[PDB]
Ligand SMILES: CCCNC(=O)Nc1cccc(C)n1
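Let's start with one chain on its own, the form solved without the ligand, as structure tokens.
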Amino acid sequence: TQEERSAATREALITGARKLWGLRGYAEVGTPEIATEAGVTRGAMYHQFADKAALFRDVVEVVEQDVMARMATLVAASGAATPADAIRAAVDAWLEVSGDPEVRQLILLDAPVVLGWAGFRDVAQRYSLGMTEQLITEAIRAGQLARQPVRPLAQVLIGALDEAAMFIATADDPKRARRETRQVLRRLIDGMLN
């Protein structure tokens, strides 16, 4: 089909920019390198996508959805029994998933700069952020956590989690960093609950 082929070149470009941008940063890979690696011409790319930024937008979407997939896998398998335990299992899950350098480059470093903080927020509300808003909402609902404004709490905890990830990855002894950071995140969480 003619439009069925469009999706195939968009997948080749999205896969390639994800690999390359994930390896080195959005600024440090240009559209030529990316087109070459995808097996398409710069012209076709600028036909399927508005600009470099828009291709970064669809890369972000794909990556974030994978993060949610792998995370839910870990959270379901943890086997929590109360919303609070679900929150802790989510924390440990992100700690496992944020170990991926692709995720840190695309989501934690480049995305707020490419799409703008509000822009990436509009994207993350349909993913990790909004799932945090829901975990908080459920923990409030089941009486494990004081009623309070949810949007702020979720954003802040997301901040703590993101920076947790960078700290563990760049620390000189990563095993001890993951242990101690997990400890303090737990202590922080329990101090939040009842």
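One rule holds for the numbers: they count along the sequence shown, beginning at 1.
- When the two stretches 40-48 and 141-149 are set side by side, the higher mean Cα temperature factor goes to 40-48.
- The PDB entry reports B-factors from which the mean C-alpha value can be compared for 100-108 and 75-83; the larger average falls on 75-83.
- In the deposited coordinates, the residue among 154, 34, 169, 161 with the greatest CA B-factor is 34.
- Placement of the Cα temperature factor of residue 28 within the chain: highest third of the modelled residues, per the deposited record.
- When the modelled residues of the chain are ordered by C-alpha B-factor, residue 177 sits in the highest third.
- Per the PDB record, residue ranking by Cα B-factor puts residue 17 in the middle third of the chain.
- Among the modelled residues of its chain, residue 66 has a C-alpha B-factor that falls in the highest third according to the deposited record.
- Residue 95 sits in the lowest third of its chain by CA B factor, as recorded in the PDB entry.
Heads up, the form deposited with the ligand bound isn't pictured, but that's what we're talking about next.
- Using a 4.5 angstroms threshold between heavy atoms, residue 150 stays clear of the ligand in the bound PDB entry.
- In the bound PDB entry, the ligand sits beyond 4.5 Å of every heavy atom of residue 114.
- At the 4.5 Å threshold, heavy atoms of residue 168 stay clear of the ligand in the bound PDB entry, well away from it.
- In the bound PDB entry, the ligand lies farther than 4.5 Å from every heavy atom of residue 80.
- A heavy atom within 4.5 Å of the ligand in the bound PDB entry is found for one listed residue only; from 44, 68, 140, 54, this is 68.
- Along 152-167, residues 161, 162, 166 each place a heavy atom within 4.5 Å of the ligand in the bound PDB entry.
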